[PDB]
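K.L.:
I have a structure here, written as structure tokens, and I will follow up with some questions on it.
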Amino acid sequence: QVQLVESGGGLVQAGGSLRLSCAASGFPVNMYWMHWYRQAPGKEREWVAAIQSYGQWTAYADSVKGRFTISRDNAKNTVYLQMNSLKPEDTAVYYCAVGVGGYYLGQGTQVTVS
Amino acid sequence: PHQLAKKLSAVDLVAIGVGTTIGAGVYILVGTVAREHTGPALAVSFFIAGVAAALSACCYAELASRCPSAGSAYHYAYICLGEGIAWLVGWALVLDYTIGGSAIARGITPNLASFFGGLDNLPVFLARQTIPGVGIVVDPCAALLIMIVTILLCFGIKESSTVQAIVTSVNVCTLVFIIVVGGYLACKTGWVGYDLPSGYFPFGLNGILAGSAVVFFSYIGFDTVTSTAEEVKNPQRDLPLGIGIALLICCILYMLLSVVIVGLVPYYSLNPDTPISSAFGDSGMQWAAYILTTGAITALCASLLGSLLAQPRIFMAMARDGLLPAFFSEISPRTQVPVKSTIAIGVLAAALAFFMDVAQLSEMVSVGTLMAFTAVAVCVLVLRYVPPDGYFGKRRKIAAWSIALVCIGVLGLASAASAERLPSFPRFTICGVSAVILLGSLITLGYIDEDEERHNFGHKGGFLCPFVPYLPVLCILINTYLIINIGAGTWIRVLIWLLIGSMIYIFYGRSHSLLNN
Ligand SMILES: CCCCCCCCCCC(CCCCCCCCCC)(CO[C@@H]1O[C@H](CO)[C@@H](O[C@H]2O[C@H](CO)[C@@H](O)[C@H](O)[C@H]2O)[C@H](O)[C@H]1O)CO[C@@H]1O[C@H](CO)[C@@H](O[C@H]2O[C@H](CO)[C@@H](O)[C@H](O)[C@H]2O)[C@H](O)[C@H]1O
Ligand SMILES: CC(C)CCC[C@@H](C)[C@H]1CC[C@H]2[C@@H]3CC=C4C[C@@H](O)CC[C@]4(C)[C@H]3CC[C@]12C
């Protein structure tokens, strides 16, 4: 069935960069949109980025546009979210979501800054 | 007598147009673009594509109502643009319709192994058996569907038209049921599937135009309706109304499907609560998939029936004028319909679908219809301003040069704007000069008023495009951009096909042809 596992998040120095890898399962990664979601302990969910199922167009939220790069690997069926410039604003748990909207949500991972 | 029977009716034209259009529409919706764009974005892309197709259909309807004739864009290009350019427009249109029908049949056959749902009946000696050549990869397939469709078309215009009407009405009813079910389910779940984070139109008009670029080829059915103009009792009234109602119904259906079923197909597949199963129990998507496959297959069959009824008409017009042997001209004394030309086109399409794969047939189809549209646009511009018959005495020549300049400028700026491989420094100059000459030509064209002899061409009355100075130019620009966007893969094949056409023309068609012999 459709299942999403992601890794890469962890403690990093302020102003650094990160890449989060979200591995698909039970379906080719090409056939659905893939989004990313955020949520700090004191806030509700916050959409991050959204690749396009067919073709490789990407869109980002206002607070993060340009900073993050979302890519995809059709061979390994993995979706990568690259953080070029981090700041404490983004300190939160990260999720990767399938479908045009938030239909399925991954297990999750945590990222923090120092 | 040797005359086509004017037995068709406005409802029958609407049915033909809607079926032929909906087939390609469902072919696209099953394709890659459907999941490329969001639901609402896909719907507005279909809306813009429908607006552009209406820009083309206004010219089609005007030229068909004023001078109705089975030649379609061939006949029109032959009167305004002149001979030669017609033989290239008509030849390209023939290739386009033939390869559309062949691709539709080749796609239908494997999925139609059983009644519906893609099940297999395990036939013998009709299944796909690759040719065991030493280095040959062809995979011949059952192409009997083309033979049955050709037999239907050869059986008359009312009989084939009635069968097409039955199939397309069944398709439209199942599509309406399919939309009602989708809307009921969405309202039951409160449209929760459309809580899009990025929001609708996530890529802005940039995407809505990018999507509409590939969604434009879903409205390619009105040209067939024009091709069947001779069968209409009073084409002056029906043809424009029929074409309009067909592009309206198709646009509405596409937007509805795109917002209710397509934009939510991911939702029904991914969401763990599975509203389809929760609403219909264990069966769940299994019956929904069956219904969607039924609708798609009915639409594809309707378009397969519709497509092959244009080429015989084009061939009949060509032979009647003289660019093809009289073998294509004569009609059945009993059925009052091209039977020899229809049989030839049917056997050609059958062979093409038998040998070439669908993935190969789809790589050659798109170019003909765009050229037909561009030709018909230039034709309204030339028949409403400088009709080729009969304040300023130089008005005719200045108008002709102005039209030539708008035809050159559209090409220039549509190839500049669609050529990112060129460096920006000369790209800016070329686009600017093309644009300025286009603007100047448009200003001159508007300054010179419409020729009043336009009251004479064809028959008086009929439909006339809304904005003759700007709408046809917009249609030309759109079609030229679409043509240039098409990759070289389809262009090489259409070039060799047109070369074959020019060979036939120079060896026979120029030496023997009415109005030139
Ligand atoms: C006129 C309109 C024309 C266009 C219509 C849309 C056509 C495109 C969508 C096709 C469709 C519509 C379902 C609609 C549901 C109800 C909607 C409302 C109906 C109202 C009346 C029917 O898909 C059917 O199933 C085939 C499956 O291969 C599919 O194949 C291919 O065909 C095309 C090849 O290019 C291509 O499009 C299509 O995607 C392809 O799969 C066929 O299209 C079709 O037979 C999708 O079905 C969904 O497929 C999911 C695949 O994962 C499946 O996932 C589940 O099972 C997985 C294990 O299998 C498991 O791992 C997943 O975790 C789980 O989630 C869903 O259960 C299933 O529902
Ligand atoms: C027939 C006509 C209307 C088609 C016009 C197509 C135009 C609008 C297309 C062609 C190439 C497209 C661009 C290609 C890639 C990208 C990068 C992506 O991250 C955002 C969208 C953007 C910037 C696209 C916007 C739309 C675009 C400019």
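Labels for the structure tokens follow display order: chains A, B, ..., residues from 1 in each chain, ligands from 1.
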Skipping near chain neighbours, those fewer than 2 positions away, what residues fall within 7 Å of segment 214-216 of chain B using only C-alpha atoms, listed as a PyMOL selection string?
P.N.:
chain B and resi 45-46+49+211-212+218-219
K.L.:
Please return as an MDAnalysis selection string the residues found within 6 Å of ligand 1, counting only C-alpha atoms and all ligand atoms.
P.N.:
(chainID A and resid 1:2 26:27) or (chainID B and resid 26 29:30 178 181:182 261:262 265 268:270 285 288:289 291:292 295:296)
K.L.:
Which residues are near segment 298-301 of chain B? Cut-off 12 Å, only C-alpha atoms, ignore same chain within fewer than 3 positions. Put them as a PyMOL selection string.
P.N.:
chain B and resi 15-30+100-109+111-112+115-116+145-146+148-149+163-175+250+291-295+304-308
K.L.:
Compile a residue-level contact table for chain A against ligand 2 at a cut-off of 8 Å, reporting for every qualifying residue the shortest atom pair and its distance in Å to one decimal, with only C-alpha atoms and all ligand atoms counted, rows ordered by chain and ascending number, as a Markdown table.
P.N.:
```
| residue | atom | partner | partner_atom_place_in_ligand_line | distance |
| --- | --- | --- | --- | --- |
| A:56 | CA | ligand 2 | 19 (O) | 7.7 |
| A:57 | CA | ligand 2 | 19 (O) | 4.5 |
| A:58 | CA | ligand 2 | 19 (O) | 5.0 |
| A:59 | CA | ligand 2 | 19 (O) | 6.6 |
```
K.L.:
Can you write just those residues out, N, CA, C and O atoms, as a compact mmCIF listing (two decimals), in the first residue's frame?
P.N.:
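The file below, out-v2.txt, is the result:
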```txt
# COMPACT_ATOMS: atom_id res chain seq x y z
N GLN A 56 8.57 18.52 -13.34
CA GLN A 56 9.28 18.78 -12.09
C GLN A 56 9.13 20.23 -11.65
O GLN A 56 10.08 20.84 -11.15
N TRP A 57 7.94 20.81 -11.82
CA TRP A 57 7.72 22.15 -11.31
C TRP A 57 7.57 22.09 -9.79
O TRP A 57 7.15 21.08 -9.23
N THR A 58 7.93 23.19 -9.13
CA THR A 58 7.85 23.24 -7.67
C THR A 58 7.33 24.60 -7.23
O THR A 58 7.61 25.63 -7.86
N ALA A 59 6.58 24.60 -6.13
CA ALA A 59 6.07 25.81 -5.53
C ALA A 59 6.36 25.78 -4.04
O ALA A 59 6.44 24.71 -3.43
```
K.L.:
Just want the 10 Å neighbourhood of residue 10 of chain A, counted on only C-alpha atoms, with same-chain residues fewer than 4 positions away dropped. Output as a short mmCIF file (atom, residue, chain, number, x, y, z; two decimals) with C-alpha atoms, in the first residue's frame.
P.N.:
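After the write, around_33.cif holds the following:
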```cif
data_model
loop_
_atom_site.label_atom_id
_atom_site.label_comp_id
_atom_site.auth_asym_id
_atom_site.auth_seq_id
_atom_site.Cartn_x
_atom_site.Cartn_y
_atom_site.Cartn_z
CA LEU A 18 19.99 20.30 5.35
CA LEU A 20 15.50 15.57 4.01
CA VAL A 93 8.83 18.56 12.72
CA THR A 109 11.14 13.81 11.59
CA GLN A 110 12.44 16.60 13.82
CA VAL A 111 14.84 19.43 12.99
CA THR A 112 16.40 21.94 15.37
CA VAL A 113 18.94 24.77 15.24
#
```
K.L.:
Once DSSP has gone over the backbone, tell me which residues of chain A are in strand (DSSP E or B), as a ChimeraX atom specification.
P.N.:
/A:5-7,11-12,18-23,34-39,46-51,58-60,68-73,78-83,92-98,104-105,109-113
K.L.:
Under the rule that only C-alpha atoms are counted, which of B:210, B:318, B:356, B:257 is the nearest residue to residue 36 of chain B?
P.N.:
B:210
K.L.:
Considering only C-alpha atoms, tabulate each residue of chain B that lies at most 7 Å from chain A along with its nearest interatomic pair and the corresponding distance in Å to one decimal; arrange the rows by chain and ascending residue number and present them as JSON lines.
P.N.:
```
{"residue": "B:32", "atom": "CA", "partner": "A:54", "partner_atom": "CA", "distance": 6.5}
{"residue": "B:35", "atom": "CA", "partner": "A:53", "partner_atom": "CA", "distance": 6.5}
{"residue": "B:36", "atom": "CA", "partner": "A:54", "partner_atom": "CA", "distance": 5.1}
{"residue": "B:38", "atom": "CA", "partner": "A:100", "partner_atom": "CA", "distance": 6.6}
{"residue": "B:193", "atom": "CA", "partner": "A:101", "partner_atom": "CA", "distance": 6.8}
{"residue": "B:194", "atom": "CA", "partner": "A:101", "partner_atom": "CA", "distance": 6.7}
{"residue": "B:195", "atom": "CA", "partner": "A:101", "partner_atom": "CA", "distance": 6.2}
{"residue": "B:196", "atom": "CA", "partner": "A:101", "partner_atom": "CA", "distance": 4.7}
{"residue": "B:197", "atom": "CA", "partner": "A:47", "partner_atom": "CA", "distance": 6.1}
{"residue": "B:202", "atom": "CA", "partner": "A:59", "partner_atom": "CA", "distance": 6.9}
{"residue": "B:266", "atom": "CA", "partner": "A:99", "partner_atom": "CA", "distance": 5.5}
{"residue": "B:267", "atom": "CA", "partner": "A:103", "partner_atom": "CA", "distance": 6.2}
{"residue": "B:270", "atom": "CA", "partner": "A:103", "partner_atom": "CA", "distance": 5.5}
{"residue": "B:271", "atom": "CA", "partner": "A:103", "partner_atom": "CA", "distance": 4.7}
```
K.L.:
Generate the output file for the selected residues, N, CA, C and O atoms, as a short mmCIF file (atom, residue, chain, number, x, y, z; two decimals), in the first residue's frame.
P.N.:
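Saved to selection-v5.cif:
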```cif
data_model
loop_
_atom_site.label_atom_id
_atom_site.label_comp_id
_atom_site.auth_asym_id
_atom_site.auth_seq_id
_atom_site.Cartn_x
_atom_site.Cartn_y
_atom_site.Cartn_z
N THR B 32 -1.08 12.21 -18.89
CA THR B 32 -0.19 12.76 -17.87
C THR B 32 -0.65 14.11 -17.35
O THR B 32 -0.45 14.41 -16.17
N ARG B 35 -3.02 14.65 -13.94
CA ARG B 35 -2.38 14.71 -12.63
C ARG B 35 -1.28 15.76 -12.57
O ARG B 35 -0.71 15.98 -11.50
N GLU B 36 -0.98 16.41 -13.70
CA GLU B 36 0.00 17.49 -13.69
C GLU B 36 -0.54 18.72 -12.97
O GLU B 36 0.14 19.30 -12.12
N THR B 38 -3.70 20.93 -10.81
CA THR B 38 -4.75 20.77 -9.83
C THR B 38 -6.12 20.80 -10.50
O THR B 38 -6.28 21.26 -11.64
N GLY B 193 -11.46 17.02 0.06
CA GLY B 193 -10.36 16.68 -0.82
C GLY B 193 -9.69 17.87 -1.46
O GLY B 193 -8.60 17.72 -2.02
N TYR B 194 -10.31 19.05 -1.40
CA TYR B 194 -9.78 20.25 -2.03
C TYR B 194 -9.26 21.25 -0.99
O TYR B 194 -9.35 22.46 -1.19
N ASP B 195 -8.72 20.75 0.12
CA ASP B 195 -8.01 21.59 1.08
C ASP B 195 -6.55 21.74 0.65
O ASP B 195 -5.61 21.43 1.37
N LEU B 196 -6.39 22.23 -0.58
CA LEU B 196 -5.06 22.29 -1.18
C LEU B 196 -4.19 23.29 -0.42
O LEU B 196 -4.59 24.45 -0.27
N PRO B 197 -3.01 22.90 0.06
CA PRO B 197 -2.16 23.85 0.78
C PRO B 197 -1.65 24.96 -0.11
O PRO B 197 -1.78 26.15 0.21
N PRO B 202 -1.67 26.92 -8.39
CA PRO B 202 -0.43 27.10 -7.63
C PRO B 202 0.70 27.69 -8.44
O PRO B 202 1.68 28.17 -7.85
N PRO B 266 -6.80 11.42 -7.06
CA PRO B 266 -5.80 11.21 -6.00
C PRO B 266 -6.41 11.13 -4.61
O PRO B 266 -5.94 10.34 -3.78
N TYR B 267 -7.44 11.93 -4.33
CA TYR B 267 -8.05 11.92 -3.01
C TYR B 267 -8.69 10.57 -2.70
O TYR B 267 -8.52 10.02 -1.61
N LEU B 270 -5.75 7.92 -2.05
CA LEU B 270 -4.76 8.09 -0.99
C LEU B 270 -5.36 8.16 0.40
O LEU B 270 -4.81 7.58 1.34
N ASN B 271 -6.48 8.86 0.57
CA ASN B 271 -6.98 9.14 1.90
C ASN B 271 -7.29 7.83 2.63
O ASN B 271 -8.02 6.99 2.09
#
```
K.L.:
Which polymer residues have any atom within 10 Å of an atom of segment 77-82 of chain A, counting only C-alpha atoms, with same-chain residues fewer than 3 positions away left out, as a PyMOL selection string?
P.N.:
chain A and resi 4-8+17-30+34-36+48-51+67-74+85+94+96
K.L.:
Tell me which protein, DNA and RNA residues are within 7 Å of residue 386 of chain B, counting only C-alpha atoms, leaving out same-chain ones fewer than 2 positions away, and put them as a ChimeraX atom specification.
P.N.:
/B:382-384,388,396,399-400,451
K.L.:
Deliver the residues from the most recent selection as a file, using N, CA and C atoms, as a PDB file, in the first residue's frame.
P.N.:
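As a result, selection20.pdb now contains:
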```
ATOM      1  N   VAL B 382      -8.849  37.215 -45.328  1.00  0.00           N
ATOM      2  CA  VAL B 382      -8.686  37.537 -46.777  1.00  0.00           C
ATOM      3  C   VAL B 382     -10.032  37.630 -47.496  1.00  0.00           C
ATOM      4  N   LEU B 383     -11.075  36.997 -46.971  1.00  0.00           N
ATOM      5  CA  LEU B 383     -12.386  36.938 -47.665  1.00  0.00           C
ATOM      6  C   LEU B 383     -13.243  38.091 -47.162  1.00  0.00           C
ATOM      7  N   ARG B 384     -12.887  38.659 -46.010  1.00  0.00           N
ATOM      8  CA  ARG B 384     -13.741  39.734 -45.425  1.00  0.00           C
ATOM      9  C   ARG B 384     -13.158  41.104 -45.758  1.00  0.00           C
ATOM     10  N   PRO B 388     -11.113  37.440 -53.129  1.00  0.00           N
ATOM     11  CA  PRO B 388     -10.456  37.276 -54.438  1.00  0.00           C
ATOM     12  C   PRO B 388     -11.460  37.172 -55.582  1.00  0.00           C
ATOM     13  N   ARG B 396      -7.040  47.412 -52.179  1.00  0.00           N
ATOM     14  CA  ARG B 396      -6.888  45.964 -52.273  1.00  0.00           C
ATOM     15  C   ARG B 396      -5.444  45.556 -52.019  1.00  0.00           C
ATOM     16  N   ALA B 399      -4.259  46.266 -48.411  1.00  0.00           N
ATOM     17  CA  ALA B 399      -4.837  45.291 -47.492  1.00  0.00           C
ATOM     18  C   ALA B 399      -4.142  43.942 -47.619  1.00  0.00           C
ATOM     19  N   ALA B 400      -3.871  43.510 -48.853  1.00  0.00           N
ATOM     20  CA  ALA B 400      -3.186  42.238 -49.053  1.00  0.00           C
ATOM     21  C   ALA B 400      -1.801  42.261 -48.422  1.00  0.00           C
ATOM     22  N   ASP B 451     -14.269  45.315 -46.977  1.00  0.00           N
ATOM     23  CA  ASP B 451     -14.793  45.419 -48.363  1.00  0.00           C
ATOM     24  C   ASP B 451     -16.281  45.074 -48.334  1.00  0.00           C
TER      25      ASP B 451
END
```
K.L.:
Give me, please, the distance in Å between atom CA of residue 5 of chain B and atom CA of residue 158 of chain B, quoted to one decimal.
P.N.:
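If I compute the distance from atom CA of residue 5 of chain B to atom CA of residue 158 of chain B, I get 9.0 Å.
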K.L.:
Mind checking which residues fall within 9 Å of segment 476-482 of chain B, counting only C-alpha atoms, ignoring those fewer than 6 positions away in the same chain, and posting them as a PyMOL selection string?
P.N.:
chain B and resi 52+56+213-214+367+370-371+373-375+377-378+407+410-411+413-415+417-418
K.L.:
Filtering to C-alpha atoms, could you give me those residues as a PDB file, in the first residue's frame?
P.N.:
```pdb
ATOM      1  CA  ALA B  52      -9.140  29.610 -28.026  1.00  0.00           C
ATOM      2  CA  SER B  56     -10.959  29.058 -34.198  1.00  0.00           C
ATOM      3  CA  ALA B 213      -1.352  24.533 -24.271  1.00  0.00           C
ATOM      4  CA  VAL B 214      -1.697  20.751 -24.076  1.00  0.00           C
ATOM      5  CA  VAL B 367       0.215  19.197 -36.770  1.00  0.00           C
ATOM      6  CA  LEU B 370      -3.347  23.493 -36.389  1.00  0.00           C
ATOM      7  CA  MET B 371      -2.427  24.271 -39.998  1.00  0.00           C
ATOM      8  CA  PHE B 373      -7.061  26.402 -38.216  1.00  0.00           C
ATOM      9  CA  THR B 374      -4.345  28.927 -39.216  1.00  0.00           C
ATOM     10  CA  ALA B 375      -5.342  28.570 -42.887  1.00  0.00           C
ATOM     11  CA  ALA B 377      -8.115  32.269 -39.952  1.00  0.00           C
ATOM     12  CA  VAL B 378      -6.018  33.754 -42.777  1.00  0.00           C
ATOM     13  CA  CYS B 407       1.108  36.576 -41.223  1.00  0.00           C
ATOM     14  CA  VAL B 410       2.880  36.387 -35.991  1.00  0.00           C
ATOM     15  CA  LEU B 411       5.402  33.809 -37.198  1.00  0.00           C
ATOM     16  CA  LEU B 413       7.270  36.834 -32.701  1.00  0.00           C
ATOM     17  CA  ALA B 414       5.829  33.365 -32.030  1.00  0.00           C
ATOM     18  CA  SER B 415       9.153  31.804 -33.021  1.00  0.00           C
ATOM     19  CA  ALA B 417       8.975  33.895 -27.931  1.00  0.00           C
ATOM     20  CA  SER B 418       9.120  30.088 -28.315  1.00  0.00           C
TER      21      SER B 418
END
```
K.L.:
Find the distance between atom CA of residue 66 of chain B and atom CA of residue 462 of chain B and write it in Å to one decimal.
P.N.:
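Separation between atom CA of residue 66 of chain B and atom CA of residue 462 of chain B: 5.6 Å.
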K.L.:
DSSP on the backbone: which residues in segment 263-497 of chain B end up as helix (DSSP H, G or I)? Give the answer as a PyMOL selection string.
P.N.:
chain B and resi 263-270+275-280+285-307+311-321+326-328+340-355+358-361+367-385+395-417+424-447+452-455+471-485+488-497
K.L.:
Would you please work out which residue, of B:95, B:86, B:430, B:442, is nearest to residue 345 of chain B when using only C-alpha atoms?
P.N.:
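Of all the options, B:95 lies closest to residue 345 of chain B.
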K.L.:
Mind giving me the straight-line distance from atom CA of residue 404 of chain B to atom CA of residue 379 of chain B in Å, one decimal?
P.N.:
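One can read the atom CA of residue 404 of chain B to atom CA of residue 379 of chain B distance as 11.9 Å.
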